[PDB]
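Single-letter residue listing:
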Amino acid sequence: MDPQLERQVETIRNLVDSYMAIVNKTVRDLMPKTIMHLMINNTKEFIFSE
């Protein structure tokens, strides 16, 4: 299967790397936004109002 698996393995690996690059961009973006929405702003609301 070496004539096939060699190419199939390389094909899959390149696809995985590209897709994971996209996922890393998305998570880097979401995390600061998620933290601000749920943690910092609620703290400001509590300190002023509660």
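This entry, as listed in the PDB, derives from cryo-EM and reports a resolution of 3.55 Å.

As for the pattern of salt bridges
This model, assessed by the stated rule, comprises 3 salt bridges. Between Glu-10 and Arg-13 there is a salt bridge whose closest N-O contact spans 2.9 Å. Of this pair, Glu-10 and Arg-13 both sit in helix α1 (residues 2-49), 3 residues apart, which is roughly one turn of the helix. Assessed through its relative accessible area of 40%, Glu-10 is described here as partly exposed. Relative accessible area serves as the criterion here: at 42%, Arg-13 is assigned to the partly exposed category. The closest approach of N and O atoms between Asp-17 and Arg-13, which form a salt bridge, is 3.5 Å. Separated by 4 residues within a single helix, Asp-17 and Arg-13 lie in helix α1, roughly one turn from each other. With relative accessibility at 44%, the residue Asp-17 sits in the partly exposed group. Because the salt bridges share partners, they merge into one network encompassing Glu-10, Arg-13 and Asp-17.

Definitions and cut-offs
- Residues numbered from 1 in each chain as written, not as in the entry; some residues may be left out.
- Part of a larger assembly, values for the part shown.
- Heavy atoms only, no water.
- Salt bridge = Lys/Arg side-chain N within 4 Å of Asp/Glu carboxyl O.
- Helix = DSSP H or I, 4+ residues; strand = E, 2+ residues; numbered from the N terminus.
- Buried < 20%, exposed > 50% of the residue type's maximum accessible area, 1.4 Å probe, protein only.

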